[PDB]
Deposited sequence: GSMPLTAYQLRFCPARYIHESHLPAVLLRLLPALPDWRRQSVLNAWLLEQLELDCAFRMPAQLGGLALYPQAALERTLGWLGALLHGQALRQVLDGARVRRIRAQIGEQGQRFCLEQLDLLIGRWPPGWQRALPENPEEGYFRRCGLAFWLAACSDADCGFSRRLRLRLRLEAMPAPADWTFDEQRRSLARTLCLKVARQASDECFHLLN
């Protein structure tokens, strides 16, 4: 249940990167070597991962969650963004219920493009919620955003928030998170 530290987030990308993202050769080279200082540095190089980067204000910096809470928080969020589509037809009972019951008890009316239609590959909602999370902290340095993205495997025009909607997106994010895992909401 242990979180990551700013140091490990800034300098130890191999502590939290998903094998999905390793450069092919290193994936191929990966088979040995069970979190090692040279790979951390070599990963920061192969990807221009600026170690000069600010953590998005007010807890946007969820790049430090334990993986489990991270995947839960973003899954609940991606599900919620498909709430309406889902009323018209279960990754955690707690989360299934959250999406159906709280859809209209969170941010009032749903801004015009926030709710989306359904098609779904595996992990689809986690990626949706992650896309939404980054869009809510949009000034995020390529160093922050690129590192959060690395914690999951493999955005709609109406999510380029340019107004009060951005301030409403941050609020939805924080509320979904406050319920999706209270354990690690202190971040």
Taking the deposited sequence from residue 1, the uncovered stretches are 1, 36-38, 94-104, 135-136, 172-175, 209-210
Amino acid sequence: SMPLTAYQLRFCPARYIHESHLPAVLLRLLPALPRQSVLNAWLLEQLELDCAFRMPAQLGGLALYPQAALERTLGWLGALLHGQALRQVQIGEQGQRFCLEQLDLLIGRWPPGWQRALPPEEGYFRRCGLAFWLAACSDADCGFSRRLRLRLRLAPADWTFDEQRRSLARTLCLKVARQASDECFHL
From here on, numbers count along this sequence of modelled residues.
Higher of the two mean Cα B-factors (57-65, 22-30; per PDB record) comes from 22-30
Per the PDB entry, mean CA B-factor is higher for 46-54 or 141-149, namely for 46-54
The residue of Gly83, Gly108, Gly113, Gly92 with the maximal C-alpha B-factor according to the PDB record is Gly92
Of the three thirds of Cα B-factor ranks in this chain, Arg166 occupies the middle
So, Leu134's CA B-factor, relative to its chain, sits in which third? The lowest
By the entry's values, the third containing the CA B factor of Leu154 is the highest
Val38: CA B-factor among chain residues, third -> highest
